[PDB]
Amino acid sequence: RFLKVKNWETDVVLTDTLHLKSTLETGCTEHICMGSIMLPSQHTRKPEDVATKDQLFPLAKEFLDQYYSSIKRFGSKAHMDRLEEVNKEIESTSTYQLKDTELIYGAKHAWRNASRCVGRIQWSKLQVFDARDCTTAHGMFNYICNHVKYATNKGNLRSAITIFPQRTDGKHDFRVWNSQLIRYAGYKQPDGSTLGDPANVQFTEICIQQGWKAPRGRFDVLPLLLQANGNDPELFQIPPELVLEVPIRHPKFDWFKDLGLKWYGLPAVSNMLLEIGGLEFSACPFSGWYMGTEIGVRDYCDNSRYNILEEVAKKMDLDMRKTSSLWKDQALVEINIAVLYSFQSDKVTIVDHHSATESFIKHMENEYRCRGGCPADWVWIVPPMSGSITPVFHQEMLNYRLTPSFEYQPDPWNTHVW
Ligand code: HEM
Ligand SMILES: CNCc1cc(-c2cc(C)cc(N)n2)cc(C(F)(F)F)c1
Ligand SMILES: C[C@H](O)[C@H](O)[C@H]1CNc2nc(N)[nH]c(=O)c2N1
Ligand SMILES: [Zn+2]
């Protein structure tokens, strides 16, 4: 009931007691482990799972008890009256509203509890933008531009989240239909192949079906498609001066510029759902900075993404006949050297997978010491390249689900009553 986790590189043992406070389920049973299912049935919030008023107060109490425990005023009159006040408000409204202080605590701890995030060492330095007074898609557009400009900070990137009004009935739902705020377009070709980013080919067409005029090229920054209070979503173009991009060059290979690759500086997930004290925030774009491998390995070299191992090994002139020449591996390392070098020489914040995984072990030690545990998903924490030469490969990690949390949710174009 007080489980142990070992680092087999260092023989370090940590003791997890935090998992006891866990409430959500994981998908695994005593007889089957689901730790490699990408979007487990549990990790999703459908708009039908509107917690009724009966369900709402325990969730509200539980969250309020840890918040007041966090500010060392647990059990005081202030806690008791806030407990009573929200109880009364859930009676009256069948929902309730978070204080600004409770919203910042909730948001920071959803990040803190994100077992799949390797960058959590920074969880307490997060800038919370309260957009719960927003009412229109134009207002959403304005909040989001302000978020991008703030978080980008001229390349000195700053973590942030913008929180739009919470779900109520489920049919009046604020949603950012983009999966990230800044993404490159993807166009299918007349010959079947794909221009830009194959991930977004359906989303790119949805923007055109709603009227987007596509420059039909590679790295075309998509428009924001914003839905407000359940209304049909409307297209907006982020001012280009607000979208900071890094041209990718290599510190040895001068032919690397002619590849003509670039990437945006700001990773800003926009499709997920923030859950706090039983309330569901369907639109909550949050941004940080990139770990290099996200761009260099997954974005650039996933078979179904930009898939550039081909041309890079070509220009490196590699033994591309044999599978066992590791030409793929060889081109992958050079590509990721280039991503880091470009961002750093341009003063845009980026972290390499070695520094990031070291910081997460260090972060893990802090959580087990001053919190009693740290939920962690090894399948996601280990970087997609050079796994065992980073310290997180050798670290045992207990995965469990704590609230407040970030959840996945259906893409809005499958649930929307147009
Ligand atoms: C500050 C710098 C940050 C870095 C370097 C970072 C890094 C990462 C990486 C590498 C992943 C794996 C995703 C993938 O490989 O496709 C991830 C996932 C994730 N990040 Fe972080 N992140 C940062 C900040 C944040 C912030 C500010 C939030 C929210 C406020 C956040 C929440 C999440 C969540 C919720 C997931 C995974 C969702 C899931 O499937 O469970 N991260 N992050
Ligand atoms: C390969 N990058 C795609 C991807 C990136 C990120 C992400 C998010 C943040 C705030 C920072 C960062 N550095 N990355 C999060 C996800 C997801 F969807 F898992 F949450 C996916
Ligand atoms: C099948 C598997 O669950 C899926 O490929 C996961 C594995 N681990 C991952 N880890 C990270 N960081 N990001 C991912 O997209 C994935 N994908
Ligand atoms: Zn399991």
Side-chain angles (χ1 to χ4, degrees), residues 107 110-111 114 117 119 122 126-132 134 136-165 173-186 196-197 199-208 210 212 214-215 218-228 233-246 262-274 281-291 294-295 298-299 305 343 348-350 406-409 411-413:
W111 180 9
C117 172
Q122 287 271 25
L126 168 74
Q127 181 58 43
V128 186
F129 294 112
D130 181 358
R132 288 173 303 163
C134 188
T136 62
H138 275 72
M140 293 176 70
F141 172 58
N142 194 63
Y143 267 110
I144 284 176
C145 287
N146 288 351
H147 177 135
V148 169
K149 189 165 201 184
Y150 179 88
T152 293
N153 187 32
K154 294 202 291 276
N156 186 12
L157 271 36
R158 287 180 297 194
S159 308
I161 180 165
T162 304
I163 302 174
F164 288 107
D173 258 33
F174 286 76
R175 288 293 304 271
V176 175
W177 289 32
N178 303 71
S179 43
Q180 297 170 34
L181 297 178
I182 299 161
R183 297 212 75 173
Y184 293 128
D197 197 333
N200 313 313
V201 174
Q202 196 202 8
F203 180 78
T204 290
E205 278 149 20
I206 294 153
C207 295
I208 311 177
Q210 293 298 284
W212 192 48
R218 209 91 144 115
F219 306 115
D220 300 343
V221 185
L222 285 141
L224 293 168
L225 218 224
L226 311 174
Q227 154 184 0
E234 315 162 35
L235 285 172
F236 312 83
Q237 166 209 155
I238 312 124
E241 65 265 29
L242 288 192
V243 182
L244 173 72
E245 300 176 291
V246 183
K262 58 171 158 188
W263 201 255
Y264 45 94
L266 189 80
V269 168
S270 52
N271 52 358
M272 292 188 76
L273 189 156
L274 166 55
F281 296 93
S282 53
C284 52
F286 59 80
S287 60
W289 51 80
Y290 268 113
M291 191 171 69
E294 298 181 80
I295 312 171
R298 310 301 310 291
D299 289 324
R305 298 290 308 286
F343 275 63
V348 186
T349 301
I350 197 165
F406 290 107
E407 305 305 334
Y408 284 106
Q409 68 195 327
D411 289 326
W413 53 87

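Position 1 is the first residue of the sequence, and the numbers go up from there. Worth knowing before you read on, the calculation uses all heavy atoms, side chains too, and leaves out hydrogens, waters and symmetry mates.
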- Message: For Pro267, is there any backbone N or O sitting under 3.5 Å from a side-chain donor or acceptor partner on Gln180?
- Response: no
- Flag, side chain of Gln210 to backbone of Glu234, donor-acceptor distance under 3.5 Å: no
- Query: Would you say the side chain of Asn200 lies within less than 4.5 Å of the side chain of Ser179, judging by non-hydrogen atoms?
  - Reply: yes
- Please determine which of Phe164, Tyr143, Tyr150 meets the ring-ring contact (aromatic ring centres under 6.0 Å, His included) test together with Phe129. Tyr150
- Task: Would you please test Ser270 and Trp177 for side chain to side chain contact (heavy atoms under 4.5 Å, CB included) and show each step?
- Result: CA-CA 8 Å; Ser270 52; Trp177 289 32; over 6 Å; no
- Item | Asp130 side chain reached by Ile163 side chain, heavy atoms, under 4.5 Å | no
- Item | Donor-acceptor contact present, side-chain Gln127 to main-chain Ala151, <3.5 Å | no
- Message: Taking the six-membered ring for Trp, are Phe174 and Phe281 closer than 6.0 Å centroid to centroid?
- Response: no
- For the residue pair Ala268 and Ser287, what are the closest heavy atoms and their distance? CB-CB, 3.5 Å
- Query: Side chain of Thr204, backbone of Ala185: donor and acceptor closer than 3.5 Å?
  - Reply: no
- Message: Is there a side-chain contact between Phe406 and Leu273 in this structure, where contact means two heavy atoms from C-beta onward sitting under 4.5 Å apart?
- Response: no
- Is there a donor-acceptor contact under 3.5 Å from the side chain of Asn271 to the main chain of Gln409? no
- Message: With heavy-atom distances below 4.5 Å as the criterion, would you say the side chains of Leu126 and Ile161 are in contact?
- Response: yes
- Point-to-point distance, once rounded to the nearest 0.5 Å, from CD1 of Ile182 to OG1 of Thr152: 6.0 Å
- Query: Taking the six-membered ring for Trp, are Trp413 and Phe203 parallel (under 30°), tilted (30 to 60°) or perpendicular (over 60°)?
  - Reply: tilted
- Item | Side-chain heavy atoms of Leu274 within contact of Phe286, under 4.5 Å | no
- Message: Could you check whether any side-chain N or O of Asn178 sits under 3.5 Å from a backbone N or O of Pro223, counting only pairs where one atom can act as donor and the other as acceptor?
- Response: yes
- Note on the structure: CG of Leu222 to CD1 of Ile206, rounded to nearest 0.5 Å, is 10.5 Å
- Would you please test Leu266 and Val148 for side chain to side chain contact (heavy atoms under 4.5 Å, CB included) and show each step? CA-CA 8 Å; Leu266 189 80; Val148 169; 4.2 Å; yes
- Task: Could you tell me the separation between the CD atom of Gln202 and the SG atom of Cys207, rounded to the nearest 0.5 Å?
- Result: 10.5 Å
- Query: Side-chain contact, heavy-atom cut-off 4.5 Å: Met140 with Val176?
  - Reply: yes
- Message: Could you tell me if the side chain of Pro240 sits less than 4.5 Å from the side chain of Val221, heavy atoms only?
- Response: no
- For the residue pair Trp263 and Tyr290, categorise the inter-ring angle as parallel (less than 30°), tilted (30 to 60°) or perpendicular (more than 60°). perpendicular
- To the nearest 0.5 Å, tell me how far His147 NE2 sits from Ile144 CD1. 9.0 Å
- Message: Do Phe236 and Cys145 have side chains that approach each other closer than 4.5 Å (heavy atoms only, starting at C-beta)?
- Response: no
